[PDB]
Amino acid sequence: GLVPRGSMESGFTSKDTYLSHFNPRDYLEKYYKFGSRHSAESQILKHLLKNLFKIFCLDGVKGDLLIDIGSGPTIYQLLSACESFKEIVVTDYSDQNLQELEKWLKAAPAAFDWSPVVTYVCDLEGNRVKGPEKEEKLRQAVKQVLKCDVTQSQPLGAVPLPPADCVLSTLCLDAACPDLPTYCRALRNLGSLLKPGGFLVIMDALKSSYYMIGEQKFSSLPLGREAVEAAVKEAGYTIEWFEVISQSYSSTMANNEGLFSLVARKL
């Protein structure tokens, strides 16, 4: 492990490194076990959930179709969203990630245990419903599980979908875009899936060059707030609000300088 995986020739992890070398269950155990010891991962997850709750429940971001871009094997980013969107389409470049996701959607006994995150989210929303009822709401809402490639003009290929009310992407674009032009390219590609006036919700690391799953290192585009804001505006969106938090992952997992969350509207 001298360099990030799949980065020898280009200097940045290639797309295909995720098909074969990204271990979804290892990723879930390292990042989303959500213990009670206030670890950096747990505090960050807590903050991600509160913003998602605030975005989809308090700010009333709602619609028919939400497309989740770069889901990986996680569902935490959909728990509040399924209260406000009739249909959820989850996408990722890695089929192994989608299969790990699909284990939970099918409620396989071997699926990852999300219940501490489910419990946290139910509490946020005022315990109007219990854990199982919440999980069934999400499972019902997820209609399709598709392959996506943000570097493509048609990120979902030929798959037919109506214009979406919201595109959501958490912790994805930094890892998927090897340079700033590709980053702007991807945001423009993502907008092709969105109605005019539709919502773009991005949450990602700030000034991060890599992240770790065990001894596996993966590349990350280190972007500061100003670059993100410029790229989003240039790609044809108007920013509704932009938040930056200084809380960082432990260096054994990422060298990030906090995270950002933003809500934009397609022009």
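Superpose the two forms; the largest set of C-alphas matching within 1.5 Å is the rigid core. All residue numbers refer to positions in the sequence shown, first residue = 1.
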Legend entry - Higher-deviation segment by CA RMS in 5 other deposited structures of this protein, core fitted, 226-234 or 37-45: 37-45
Inset, instruction - Return whichever of 169-177 and 124-132 has the greater mean Cα B factor according to the PDB record. - result: 124-132
Inset, instruction - Tell me which of 183-191 and 68-76 has the higher mean C-alpha B-factor in the deposited entry. - result: 183-191
Legend entry - Residue of maximum C-alpha B factor among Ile44, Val61, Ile202, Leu28, per deposited coordinates: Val61
Inset, instruction - Rank-wise, by C-alpha B-factor, drop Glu87 into the lowest, middle or highest third of its chain. - result: middle
Inset, instruction - Place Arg37 in the lowest, middle or highest third of its chain's C-alpha B-factors, as listed in the PDB entry. - result: highest
Inset, instruction - Taking the values exactly as deposited, rank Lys217 by C-alpha B-factor within its chain and report the matching third: lowest, middle or highest. - result: lowest
Inset, instruction - Relative to the other modelled residues of the same chain, rank the CA B-factor of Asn97 and answer lowest, middle or highest third. - result: lowest
Legend entry - Chain-wide C-alpha B factor ranking for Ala108, given as lowest, middle or highest third: middle
